[PDB]
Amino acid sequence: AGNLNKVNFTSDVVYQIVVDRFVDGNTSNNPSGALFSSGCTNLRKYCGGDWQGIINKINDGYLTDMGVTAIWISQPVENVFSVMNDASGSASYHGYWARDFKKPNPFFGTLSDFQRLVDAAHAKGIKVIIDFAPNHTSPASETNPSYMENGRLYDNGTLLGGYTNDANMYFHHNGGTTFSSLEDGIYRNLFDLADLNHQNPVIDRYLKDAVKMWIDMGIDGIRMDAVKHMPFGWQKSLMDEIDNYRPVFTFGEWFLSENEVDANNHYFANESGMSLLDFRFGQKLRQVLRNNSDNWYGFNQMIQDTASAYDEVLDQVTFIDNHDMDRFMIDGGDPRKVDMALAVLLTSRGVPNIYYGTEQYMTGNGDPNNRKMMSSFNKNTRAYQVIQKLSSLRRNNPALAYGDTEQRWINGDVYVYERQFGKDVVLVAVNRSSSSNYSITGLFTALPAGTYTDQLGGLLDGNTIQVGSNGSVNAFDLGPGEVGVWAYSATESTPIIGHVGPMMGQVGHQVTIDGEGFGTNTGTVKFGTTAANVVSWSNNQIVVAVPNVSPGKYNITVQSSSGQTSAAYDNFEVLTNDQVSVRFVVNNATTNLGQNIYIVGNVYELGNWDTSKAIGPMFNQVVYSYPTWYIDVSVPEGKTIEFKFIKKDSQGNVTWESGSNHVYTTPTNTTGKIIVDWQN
C-alpha cells in the first residue's frame, strides 16, 4: 500500500478476472436452480466465484507474490435472473446483462462485500478496475415479452421500463446490427441485447449517476464495453463527467481483427478521453508466437506505426489474450511460448494485462470454453515466475513504463528491442524458433559499457552480456526459445516527462505529471505559455491545476528551479466547459460522390470554424435517413452556439451552407436535440 495512482497505470501489471470462474469464496451467495451449474460442467451458467473469492486470493498471497498490482473484474451491477431458451440454458454469469446499474450482483456479493474487496485490494497496493456496460441491458424480444426479462431496466429497485411498450423510448427500436457499418453498429441492437438510447434524458442521467455510485466505492479505473457501439459524442460527455467528478483510469474495448487497422479506432483512443485495449498488439503478437502467420518484421512495423497512430501509446492496454479470444495456450501446445509472450508483453510499451489462468497454462477455444473455472494456484510454474521477475523490473526500471521502442536487431526469428527513458534502458532479445540458433553480432545498445546478468535469472536460458566500446555488445549465441533481459537504471537530474493524466480537463482540474529529474525543489509548470499553479512537487511527480487558458490543445513542459526545462508532453486538452451530448440534425442535405456532411461552429468542440477540424462525417441511415443527416456531439453546456454544415469531398473540397449561421443554446446538465434545414 501507499498513494495509489488512479490516472497512471503505465507501471502496473493487470490481472483480469471473470468473477464467476475464479474462486467461490462464499457458497451461501450461490444461485440455485437452472441458474447454477455445480462443478461448472456447463460453462454458460453461474459457477460460483464471488467477491469473497478474490479477497481470499489477495489475502493468501497468490496475487501479491505474483507481482500483480491491479485487478480487473466483471461489471459488479445487478444482472438479469432469467435463463435463456438456448440448449445450454444461459445465465448472466459474465455480468454483462445488466438489470440495475445501481445495485450489486447478489451472486458476487453485497455492497459491503464489494467495499471489502476494494479495501482488501487497497491495503496491499492493488488497484481495482471494474467492467461497466452502458450500451445495453439484456437479451430481449419486443414481440415476445416473455423472453428473459424484456430487457427490463431498474433504478435502485424501481422500474424504468422494458423493451416491449417503450412509451418512454428508453431504448432503440431499429432491429439488431449486421455490422454493415459503424452507424449500423451504434443505433442497432448488438445481437438481441436491449440497446439504450443515450440521447434520452432519463438514460443519460441514470448511467452518469451510476458510474458515480461505483467511483464512490473507490475503484481505480474502468473498462468500457462495446466502445464502437456507443455514438462518440455521448461517450466523450461521459468522460467529461467522470473527470469533473473524480478522475479514474478508463479504457474501452474496440475489437480489432488479426490484420485490422481502423482510423476511427485511432481517433477514439486519441480524442474520447478514454484509452483502449491494444488489439493490434494483441493479434500481432498472436501471429508470431502462437499462429505463425507473421514474423518479427510485421511485429516491428506494428510497433512503429502504433507509436504514430496513438498520441498516448503508453496508455494502451496490452494482452496476449482475454475474455473475448481463444486462449494463447492450445491443448498439446508448447508452454514455453506462453512464457515467451509473457516476457514480451511485460517489457513492451502500454499497460500490460494478464487474463486469469495464463500463468497456469489454461486452455479453451471460443466462448465459453475460454472461461473455465480457475484450475490451480500453483505458484511454481514458469509463467508465474516470469511475471514475478518482470513485474519487479517494471516497477523498478522507468524505461518499461515510459520508454519508447527501438529495434536493435531482427530476423523473421530473432528480435532484439530496446526500451529507453532518459538514461534508463532495458534490452531484450528473443529467438522464437524451436530449432534454429543464432549468433548476435553487430548488436548495438544504449546500455552503459559493462557486464549484465539476465533480468530473468535464466528462466528462459538467459545469458550474461558484456558491453564494450561504442555500445557494442559481444557476440553471443541465441538458441531456440531463448529470452534474455538486461537493464540499466541511474539517477536523472534533467526534467523528463514520463506520463500525464488525465489528458482532458476543464480549468482548475487536477493533472498529475510523472517522471524524473523534477528535483526536490518545486519549480514551474507550463501549459503552452502559461504557468500553472502547482499543488505538489516532487522529483518524480507533480500535481497541478490547469491554468485559465483558452480552450484547445496545449503542450506541457517542466522546468526545475535550476532552470532546466523538459521536452514537452503533447495534446493536453482544455475543454470550454462541462459537456453535454447534443444531437445535431440536418435536413435536405443532398450530396455527391465521396461527399459527406460535417458540422463546424464557433466553439472549440465544433472546431472554431476550421473545416479541417469539422465534426463528421455525419450519419444518414438509421435514426434519420439521407437526405437527412445527424450526429451526436459532445459540447459545452448553457452556451449559445453558432454553427453551419458543410459538404466535404474525398480530397478536401469544402462547400458551405450558403446563408446566416444556425444558432442554438445548448442545454445544461442534460442532452439536447436540434434540427434545421440545409440553407441553400
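Numbering starts at 1 and runs along the sequence shown.
Asker: When the Cα temperature factors in the entry are averaged, is it 378-386 or 517-525 that ends up higher?
Answerer: Mean CA B-factor is higher for 517-525.
Asker: Higher average CA B factor in the deposited record is what I'm after, so tell me if that's 164-172 or 303-311.
Answerer: Result: 164-172.
Asker: At the C-alpha atoms, which of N353, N463, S74, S138 reaches the highest B-factor in this entry?
Answerer: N463 has the highest C-alpha B-factor of those listed.
Asker: Per the PDB entry, which option out of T363, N291, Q283, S92 has the greatest Cα B factor?
Answerer: When the deposited C-alpha B-factors of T363, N291, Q283, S92 are compared, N291 is largest.
Asker: Sorting the chain's CA B-factors, does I641 end up in the lowest, middle or highest third?
Answerer: For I641, the deposited C-alpha B-factor lands in the highest third.
Asker: What third of the chain does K613 rank in for C-alpha temperature factor, lowest, middle or highest?
Answerer: Highest third.
Asker: Would you mind checking where the Cα B-factor of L4 ranks among the modelled residues of its chain, as the lowest, middle or highest third?
Answerer: CA B-factor rank for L4: highest third.
Asker: Considering only modelled residues of the same chain, in which third does the CA B-factor of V654 rank: lowest, middle or highest?
Answerer: Ranked within chain, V654 CA B lands in the highest tercile.
Asker: C-alpha B factor of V425, ranked within the chain: lowest, middle or highest third?
Answerer: CA B-factor rank for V425: middle third.
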